[PDB]
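Every residue, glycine as well, gets a Cβ built from its backbone with ideal geometry; the counts of neighbours run over all protein chains shown. What follows draws every value from the coordinates through simple rules; no lab data is involved.
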Amino acid sequence: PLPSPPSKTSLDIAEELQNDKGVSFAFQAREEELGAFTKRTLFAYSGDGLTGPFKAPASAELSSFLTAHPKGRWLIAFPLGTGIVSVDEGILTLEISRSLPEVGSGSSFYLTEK
Amino acid sequence: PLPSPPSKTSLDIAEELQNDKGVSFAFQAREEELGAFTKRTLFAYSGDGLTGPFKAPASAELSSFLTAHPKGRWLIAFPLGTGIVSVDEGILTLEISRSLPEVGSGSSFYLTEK
Amino acid sequence: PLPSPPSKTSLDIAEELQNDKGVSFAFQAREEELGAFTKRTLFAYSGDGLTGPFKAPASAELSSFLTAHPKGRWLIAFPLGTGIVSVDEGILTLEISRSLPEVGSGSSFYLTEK
């Protein structure tokens, strides 16, 4: 009874990153298009604790997705703190508000008509 | 090996709202049906900071979706604070727990067998 | 222009749980497969407040999904506090960081290449 515009998933990729200390993250990058809008979502998960910023090489494809954000960085909520994800010259950085004894999972999206 | 009931997406719409001060939000309203259940999710994003409640006219369709919530309001977590979204006579209000230097993104859902 | 591996939703189920005091939760369990990766997401919603841990019998299927987590428990963010979901002998427990006047909604996922 309420109508919808057409929609599709135009990107859905995942990648595992690991830093020099053996901490590992999985990231998923998703793009949905719906009508005039595009939504890009970053999902992040680690089983590990994190005692400082997480830095690791990212693929060209993930790097492209991450750099597209209108602010060049992704504010992300995890259960025990906040992070910021950004990429520079193919290196992902996740900066954190506080040490995280468990990172858990979170997501960050932007949704635009541009 | 674990079975699922049938499911579908019965609604997926998005809309851009802007207040008198030039702050802009994108909202997405999604309905999933799975077996006996219906899940309605509100996604919200702004690149802007928010220095007080956000108020703006919403479409009839978005207003209908928002008013359906069993509490008549949507509790929503953003990375830096909490909000409540409600609608009255076609005007959306997002009230916030604290000033937000960046709103970022968040979602709020309800899931029911009714 | 950016390629994706194949993906599908391999599980999507929902269930309503109720404790001895009449508090009720809806849980949704979803599995996505994308390329090498599997993502398992638990969605949780209650309209009720919660004044202590929520305990209730869960189906064998939900119990199976919950026990699969690499930590045997799911750290979950709600708007007003944090929880941990686990299952033992078919009884779900949601432990909470603080009393919640409204639980609202939240989700917890893990994403792995195993």
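Go through B:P57, B:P79, B:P70 for me and flag whichever is under 15 Å from B:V23 (Cβ atoms) and not small (G, A, S).
Result of the check over B:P57, B:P79, B:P70: B:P57.
May I ask you to verify whether B:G52 is within 14 Å of chain C (Cβ to nearest Cβ), under 19 Å from B:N19 (Cβ atoms) and out of contact with any helix residue (DSSP H, G or I) (no Cβ under 6 Å at 6 or more places or on another chain)?
Against the criterion (within 14 Å of chain C (Cβ to nearest Cβ), under 19 Å from B:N19 (Cβ atoms) and out of contact with any helix residue (DSSP H, G or I) (no Cβ under 6 Å at 6 or more places or on another chain)), B:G52 does not qualify.
Restricting to the range A:88-114, count the residues that are under 15 Å from A:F43 (Cα atoms), part of a strand (DSSP E or B) and β-branched (V, I, T).
Here the count works out to 1.
Does the range A:35-45 include one or more residues that are outside any strand (DSSP E or B), farther than 27 Å from C:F43 by Cα and touching a residue at least 40 places away in the same chain (Cβ under 8 Å)?
yes
Hey, can you tell me all the residues within the range B:1-21 that are of a type outside the set (S, T, N, Q) and either out of contact with any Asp or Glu (no Cβ under 7 Å at 6 or more places or on another chain) or part of a loop (DSSP other than H, G, I, E, B) (or both)?
Correct list: B:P1, B:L2, B:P3, B:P5, B:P6, B:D12, B:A14, B:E15, B:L17, B:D20, B:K21.
What is the residue count in the range A:65-106 for residues that are within 14 Å of chain B (Cβ to nearest Cβ), hydroxyl-bearing (S, T, Y) and within 13 Å of A:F25 (Cβ to Cβ)?
Final tally of qualifying residues: 1.
Looking for whichever is in contact with a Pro (Cβ under 9 Å, 6 or more places away or on another chain) and closer than 20 Å to A:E113 by Cβ here; the options are B:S24, B:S46, B:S105. Which one fits?
B:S105
Have a look at C:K55, C:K71, C:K114 and point out the one that is in contact with a strand residue (DSSP E or B) (Cβ under 6 Å, 6 or more places away or on another chain), on the phi < 0 side of the Ramachandran plot and of a type outside the set (A, V, I, L, M, F, W, C).
C:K55
Tell me, please, whether a residue that is within 30 Å of A:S64 (Cβ to Cβ), surrounded by fewer than 18 Cβ atoms within 10 Å (Cβ to Cβ) and in contact (Cβ under 8 Å) with a residue 24 or more places away in the chain can be found in the range C:49-58.
no
Quick one: which residue in A:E15, A:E61 is touching a residue at least 12 places away in the same chain (Cβ under 8 Å), over 20 Å from C:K114 (Cα atoms) and within 9 Å of chain C (Cβ to nearest Cβ)?
Sole residue among the options that is touching a residue at least 12 places away in the same chain (Cβ under 8 Å), over 20 Å from C:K114 (Cα atoms) and within 9 Å of chain C (Cβ to nearest Cβ): A:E61.
For a quick check of your reading of the model, give me the residue pairs whose first member lies in the range B:94-114 and is free of Cβ contacts under 8 Å to residues at least 24 places away in the same chain, whose second is part of a strand (DSSP E or B) and surrounded by fewer than 21 Cβ atoms within 10 Å (Cβ to Cβ), with beta-carbon atoms closer than 6 Å and at least 6 apart or on different chains.
Here the result reads B:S97/B:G81; B:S97/B:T82; B:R98/B:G81, each pair linking the range B:94-114 to a residue that is part of a strand (DSSP E or B) and surrounded by fewer than 21 Cβ atoms within 10 Å (Cβ to Cβ).
In the range C:63-85, is there at least one residue being more than 24 Å from B:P79 (Cα to Cα), hydroxyl-bearing (S, T, Y) and in a strand (DSSP E or B)?
no
Would it be correct to say that A:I76 is out of contact with any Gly (no Cβ under 7 Å at 6 or more places or on another chain) and of a type in the set (V, I, T)?
Taking the combined requirement at face value, the residue does not satisfy it.
Within the range B:2-12, track down each residue that is of a type in the set (A, V, I, L, M) and at the interface with chain A (Cβ under 8 Å from one of its Cβ atoms).
B:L11
Which count do you get for residues in the range C:30-48 that are within 18 Å of B:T38 (Cβ to Cβ) and touching a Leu at 6+ places or on another chain (Cβ under 6 Å)?
Of the residues in the range C:30-48, 1 are within 18 Å of B:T38 (Cβ to Cβ) and touching a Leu at 6+ places or on another chain (Cβ under 6 Å).
Mind checking whether some residue in the range A:22-34 is touching a residue at least 24 places away in the same chain (Cβ under 8 Å), more than 30 Å from C:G83 (Cα to Cα) and either assigned to a loop (DSSP other than H, G, I, E, B) or under 13 Å from the mean Cα position of the chain (by Cα) (or both)?
No - not one qualifying residue is present in the range A:22-34.
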